[PDB]
Amino acid sequence: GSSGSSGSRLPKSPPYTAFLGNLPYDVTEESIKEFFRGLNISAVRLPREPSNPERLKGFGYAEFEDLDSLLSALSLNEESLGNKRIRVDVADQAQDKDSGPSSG
C-alpha cells in the first residue's frame, strides 16, 4: 500500500519557478531548454553538489515569464526524459540578497 496526496498553489505573482525531481545523470543545461521547448524560459537553475561540481544535486529549477509556461511544465510531470521520468511541481519563490564592504 501507498498513501497519496498533493496540491500546490502556483505563484499568482511572477516570476514562476518550476521544481523538478527524479532527474537523470545525463540531464544537461540544453536538455532543460528542449524539455520546456515552446515555453518562455528566462534562465535555467542547475545546482551542483557542494563537493562534486561535476555531479548534479538531484533537483532542477527553471525560470519562466508567462503563466502558461508553468502550466505546461506540470504536464511534464510524467513525460519520460531520456531514460527516466521527472516530476514537475510548483516551486516557492525563494530569494536571497547579500552585501559586501569596500575600501580604497
# chains A, B, ... in the order shown; residues from 1 in each chain; ligands from 1

call {"tool": "select_by_dssp", "arguments": {"residues": "segment 7-69 of chain A", "states": "strand (DSSP E or B)", "output": "list in words"}}
result
residues 16, 17, 18, 19, 20, 21, 41, 42, 43, 44, 45, 48, 56, 60, 61, 62, 63 and 64 of chain A

call {"tool": "write_last_selection", "arguments": {"atoms": "N, CA, C and O atoms", "output": "PDB file, in the first residue's frame"}}
result
ATOM      1  N   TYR A  16       7.855  32.808 -12.167  1.00  0.00           N
ATOM      2  CA  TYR A  16       7.292  31.475 -11.985  1.00  0.00           C
ATOM      3  C   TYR A  16       8.388  30.413 -12.001  1.00  0.00           C
ATOM      4  O   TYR A  16       8.849  29.995 -13.063  1.00  0.00           O
ATOM      5  N   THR A  17       8.800  29.981 -10.814  1.00  0.00           N
ATOM      6  CA  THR A  17       9.841  28.969 -10.688  1.00  0.00           C
ATOM      7  C   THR A  17       9.243  27.567 -10.640  1.00  0.00           C
ATOM      8  O   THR A  17       8.324  27.301  -9.865  1.00  0.00           O
ATOM      9  N   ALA A  18       9.770  26.674 -11.471  1.00  0.00           N
ATOM     10  CA  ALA A  18       9.290  25.299 -11.519  1.00  0.00           C
ATOM     11  C   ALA A  18      10.258  24.354 -10.818  1.00  0.00           C
ATOM     12  O   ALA A  18      11.476  24.504 -10.924  1.00  0.00           O
ATOM     13  N   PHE A  19       9.712  23.379 -10.099  1.00  0.00           N
ATOM     14  CA  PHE A  19      10.529  22.409  -9.378  1.00  0.00           C
ATOM     15  C   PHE A  19      10.493  21.049 -10.068  1.00  0.00           C
ATOM     16  O   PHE A  19       9.421  20.523 -10.374  1.00  0.00           O
ATOM     17  N   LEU A  20      11.670  20.483 -10.310  1.00  0.00           N
ATOM     18  CA  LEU A  20      11.775  19.183 -10.963  1.00  0.00           C
ATOM     19  C   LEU A  20      12.410  18.155 -10.032  1.00  0.00           C
ATOM     20  O   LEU A  20      13.282  18.485  -9.229  1.00  0.00           O
ATOM     21  N   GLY A  21      11.968  16.907 -10.149  1.00  0.00           N
ATOM     22  CA  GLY A  21      12.506  15.849  -9.312  1.00  0.00           C
ATOM     23  C   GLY A  21      12.810  14.589 -10.097  1.00  0.00           C
ATOM     24  O   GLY A  21      12.370  14.437 -11.236  1.00  0.00           O
ATOM     25  N   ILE A  41      11.454  30.649 -21.370  1.00  0.00           N
ATOM     26  CA  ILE A  41      12.396  30.490 -20.268  1.00  0.00           C
ATOM     27  C   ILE A  41      13.328  31.693 -20.167  1.00  0.00           C
ATOM     28  O   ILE A  41      13.822  32.196 -21.177  1.00  0.00           O
ATOM     29  N   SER A  42      13.567  32.148 -18.942  1.00  0.00           N
ATOM     30  CA  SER A  42      14.440  33.293 -18.707  1.00  0.00           C
ATOM     31  C   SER A  42      15.830  32.837 -18.274  1.00  0.00           C
ATOM     32  O   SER A  42      16.827  33.506 -18.541  1.00  0.00           O
ATOM     33  N   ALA A  43      15.887  31.693 -17.601  1.00  0.00           N
ATOM     34  CA  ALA A  43      17.153  31.145 -17.131  1.00  0.00           C
ATOM     35  C   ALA A  43      16.968  29.740 -16.564  1.00  0.00           C
ATOM     36  O   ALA A  43      15.880  29.380 -16.115  1.00  0.00           O
ATOM     37  N   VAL A  44      18.036  28.951 -16.591  1.00  0.00           N
ATOM     38  CA  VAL A  44      17.992  27.586 -16.080  1.00  0.00           C
ATOM     39  C   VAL A  44      18.854  27.438 -14.831  1.00  0.00           C
ATOM     40  O   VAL A  44      20.040  27.767 -14.840  1.00  0.00           O
ATOM     41  N   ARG A  45      18.248  26.940 -13.757  1.00  0.00           N
ATOM     42  CA  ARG A  45      18.960  26.750 -12.500  1.00  0.00           C
ATOM     43  C   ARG A  45      19.383  25.293 -12.330  1.00  0.00           C
ATOM     44  O   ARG A  45      18.544  24.392 -12.289  1.00  0.00           O
ATOM     45  N   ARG A  48      24.881  22.331  -8.170  1.00  0.00           N
ATOM     46  CA  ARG A  48      25.795  21.197  -8.116  1.00  0.00           C
ATOM     47  C   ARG A  48      26.242  20.926  -6.682  1.00  0.00           C
ATOM     48  O   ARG A  48      26.383  21.849  -5.882  1.00  0.00           O
ATOM     49  N   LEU A  56      25.332  16.290 -10.524  1.00  0.00           N
ATOM     50  CA  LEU A  56      24.136  17.083 -10.264  1.00  0.00           C
ATOM     51  C   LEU A  56      23.610  16.831  -8.855  1.00  0.00           C
ATOM     52  O   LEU A  56      23.733  15.727  -8.323  1.00  0.00           O
ATOM     53  N   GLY A  60      16.053  20.144 -10.213  1.00  0.00           N
ATOM     54  CA  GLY A  60      16.290  21.195 -11.185  1.00  0.00           C
ATOM     55  C   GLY A  60      15.198  22.247 -11.180  1.00  0.00           C
ATOM     56  O   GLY A  60      14.024  21.932 -10.980  1.00  0.00           O
ATOM     57  N   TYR A  61      15.584  23.499 -11.396  1.00  0.00           N
ATOM     58  CA  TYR A  61      14.630  24.602 -11.411  1.00  0.00           C
ATOM     59  C   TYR A  61      14.810  25.461 -12.658  1.00  0.00           C
ATOM     60  O   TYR A  61      15.921  25.617 -13.163  1.00  0.00           O
ATOM     61  N   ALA A  62      13.707  26.017 -13.150  1.00  0.00           N
ATOM     62  CA  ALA A  62      13.741  26.863 -14.336  1.00  0.00           C
ATOM     63  C   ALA A  62      12.874  28.103 -14.152  1.00  0.00           C
ATOM     64  O   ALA A  62      11.804  28.038 -13.549  1.00  0.00           O
ATOM     65  N   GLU A  63      13.344  29.232 -14.674  1.00  0.00           N
ATOM     66  CA  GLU A  63      12.611  30.487 -14.565  1.00  0.00           C
ATOM     67  C   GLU A  63      11.742  30.719 -15.797  1.00  0.00           C
ATOM     68  O   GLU A  63      12.191  30.540 -16.930  1.00  0.00           O
ATOM     69  N   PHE A  64      10.496  31.119 -15.569  1.00  0.00           N
ATOM     70  CA  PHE A  64       9.563  31.374 -16.660  1.00  0.00           C
ATOM     71  C   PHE A  64       9.037  32.805 -16.603  1.00  0.00           C
ATOM     72  O   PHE A  64       9.129  33.469 -15.570  1.00  0.00           O
TER      73      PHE A  64
END

call {"tool": "residues_around", "arguments": {"residues": "residue 75 of chain A", "least_positions_apart": "4", "cutoff": "10 Å", "atoms": "only C-alpha atoms", "output": "ChimeraX atom specification"}}
result
/A:70-71,79,87-89

call {"tool": "write_last_selection", "arguments": {"atoms": "C-alpha atoms", "output": "mmCIF file, in the first residue's frame"}}
result
data_model
loop_
_atom_site.group_PDB
_atom_site.id
_atom_site.type_symbol
_atom_site.label_atom_id
_atom_site.label_comp_id
_atom_site.auth_asym_id
_atom_site.auth_seq_id
_atom_site.Cartn_x
_atom_site.Cartn_y
_atom_site.Cartn_z
ATOM 1 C CA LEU A 70 4.433 26.812 -15.762
ATOM 2 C CA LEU A 71 1.099 25.199 -16.628
ATOM 3 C CA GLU A 79 6.997 12.818 -19.570
ATOM 4 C CA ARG A 87 8.088 15.236 -11.849
ATOM 5 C CA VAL A 88 7.060 18.889 -12.133
ATOM 6 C CA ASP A 89 5.735 20.838 -9.149
#

call {"tool": "closest_residue", "arguments": {"among": "A:50, A:40, A:98, A:92", "to": "residue 8 of chain A", "atoms": "only C-alpha atoms"}}
result
A:92

call {"tool": "select_by_dssp", "arguments": {"residues": "chain A", "states": "alpha helix (DSSP H)", "output": "list in words"}}
result
residues 29, 30, 31, 32, 33, 34, 35, 67, 68, 69, 70, 71, 72, 73 and 74 of chain A

call {"tool": "closest_residue", "arguments": {"among": "A:86, A:46, A:94, A:27", "to": "residue 74 of chain A", "atoms": "only C-alpha atoms"}}
result
A:86

call {"tool": "residues_around", "arguments": {"residues": "residue 82 of chain A", "least_positions_apart": "3", "cutoff": "9 Å", "atoms": "only C-alpha atoms", "output": "list in words"}}
result
residues 24, 26, 27 and 85 of chain A

call {"tool": "write_last_selection", "arguments": {"atoms": "N, CA, C and O atoms", "output": "PDB file, in the first residue's frame"}}
result
ATOM      1  N   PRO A  24      17.771  12.525 -14.189  1.00  0.00           N
ATOM      2  CA  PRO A  24      18.859  11.616 -14.561  1.00  0.00           C
ATOM      3  C   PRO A  24      20.234  12.247 -14.376  1.00  0.00           C
ATOM      4  O   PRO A  24      20.346  13.396 -13.946  1.00  0.00           O
ATOM      5  N   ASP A  26      22.331  12.437 -16.930  1.00  0.00           N
ATOM      6  CA  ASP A  26      22.689  12.952 -18.247  1.00  0.00           C
ATOM      7  C   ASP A  26      22.017  14.297 -18.504  1.00  0.00           C
ATOM      8  O   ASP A  26      22.387  15.021 -19.429  1.00  0.00           O
ATOM      9  N   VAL A  27      21.026  14.627 -17.681  1.00  0.00           N
ATOM     10  CA  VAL A  27      20.303  15.886 -17.820  1.00  0.00           C
ATOM     11  C   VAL A  27      21.263  17.068 -17.867  1.00  0.00           C
ATOM     12  O   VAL A  27      21.862  17.438 -16.857  1.00  0.00           O
ATOM     13  N   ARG A  85      11.922   9.248 -15.824  1.00  0.00           N
ATOM     14  CA  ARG A  85      10.807  10.185 -15.765  1.00  0.00           C
ATOM     15  C   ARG A  85      11.013  11.207 -14.652  1.00  0.00           C
ATOM     16  O   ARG A  85      11.517  10.877 -13.577  1.00  0.00           O
TER      17      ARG A  85
END

call {"tool": "atom_distance", "arguments": {"atom1": "atom CA of residue 49 of chain A", "atom2": "atom CA of residue 29 of chain A"}}
result
15.7 Å

call {"tool": "decode", "arguments": {"residues": "segment 19-44 of chain A", "atoms": "N, CA and C atoms", "output": "compact mmCIF listing (two decimals), in the first residue's frame"}}
result
# COMPACT_ATOMS: atom_id res chain seq x y z
N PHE A 19 9.71 23.38 -10.10
CA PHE A 19 10.53 22.41 -9.38
C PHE A 19 10.49 21.05 -10.07
N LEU A 20 11.67 20.48 -10.31
CA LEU A 20 11.78 19.18 -10.96
C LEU A 20 12.41 18.16 -10.03
N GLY A 21 11.97 16.91 -10.15
CA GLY A 21 12.51 15.85 -9.31
C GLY A 21 12.81 14.59 -10.10
N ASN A 22 13.57 13.68 -9.49
CA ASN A 22 13.93 12.43 -10.14
C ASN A 22 14.60 12.69 -11.49
N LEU A 23 15.64 13.51 -11.48
CA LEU A 23 16.36 13.84 -12.70
C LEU A 23 17.53 12.88 -12.92
N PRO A 24 17.77 12.53 -14.19
CA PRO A 24 18.86 11.62 -14.56
C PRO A 24 20.23 12.25 -14.38
N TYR A 25 21.28 11.49 -14.70
CA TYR A 25 22.64 11.98 -14.57
C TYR A 25 23.15 12.56 -15.89
N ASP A 26 22.33 12.44 -16.93
CA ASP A 26 22.69 12.95 -18.25
C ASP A 26 22.02 14.30 -18.50
N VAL A 27 21.03 14.63 -17.68
CA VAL A 27 20.30 15.89 -17.82
C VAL A 27 21.26 17.07 -17.87
N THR A 28 21.40 17.66 -19.05
CA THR A 28 22.29 18.80 -19.23
C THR A 28 21.50 20.10 -19.36
N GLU A 29 22.21 21.22 -19.37
CA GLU A 29 21.57 22.53 -19.49
C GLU A 29 20.71 22.60 -20.74
N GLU A 30 21.21 22.01 -21.83
CA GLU A 30 20.48 22.01 -23.09
C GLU A 30 19.22 21.15 -23.00
N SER A 31 19.29 20.10 -22.19
CA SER A 31 18.16 19.20 -22.01
C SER A 31 16.95 19.95 -21.45
N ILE A 32 17.21 20.85 -20.51
CA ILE A 32 16.15 21.63 -19.89
C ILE A 32 15.49 22.57 -20.90
N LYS A 33 16.30 23.13 -21.79
CA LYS A 33 15.80 24.04 -22.81
C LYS A 33 14.83 23.33 -23.75
N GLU A 34 15.21 22.14 -24.20
CA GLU A 34 14.37 21.36 -25.10
C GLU A 34 13.16 20.80 -24.36
N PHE A 35 13.36 20.44 -23.09
CA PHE A 35 12.29 19.88 -22.27
C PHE A 35 11.14 20.87 -22.15
N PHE A 36 11.47 22.15 -22.05
CA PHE A 36 10.45 23.19 -21.93
C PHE A 36 10.26 23.93 -23.25
N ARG A 37 10.71 23.31 -24.34
CA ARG A 37 10.59 23.90 -25.66
C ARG A 37 9.19 24.46 -25.88
N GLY A 38 9.12 25.59 -26.58
CA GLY A 38 7.83 26.21 -26.85
C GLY A 38 7.48 27.27 -25.83
N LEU A 39 7.82 27.02 -24.57
CA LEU A 39 7.54 27.96 -23.50
C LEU A 39 8.55 29.10 -23.49
N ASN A 40 8.41 30.00 -22.52
CA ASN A 40 9.32 31.14 -22.40
C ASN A 40 10.19 31.01 -21.16
N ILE A 41 11.45 30.65 -21.37
CA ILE A 41 12.40 30.49 -20.27
C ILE A 41 13.33 31.69 -20.17
N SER A 42 13.57 32.15 -18.94
CA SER A 42 14.44 33.29 -18.71
C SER A 42 15.83 32.84 -18.27
N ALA A 43 15.89 31.69 -17.60
CA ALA A 43 17.15 31.15 -17.13
C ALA A 43 16.97 29.74 -16.56
N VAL A 44 18.04 28.95 -16.59
CA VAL A 44 17.99 27.59 -16.08
C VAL A 44 18.85 27.44 -14.83
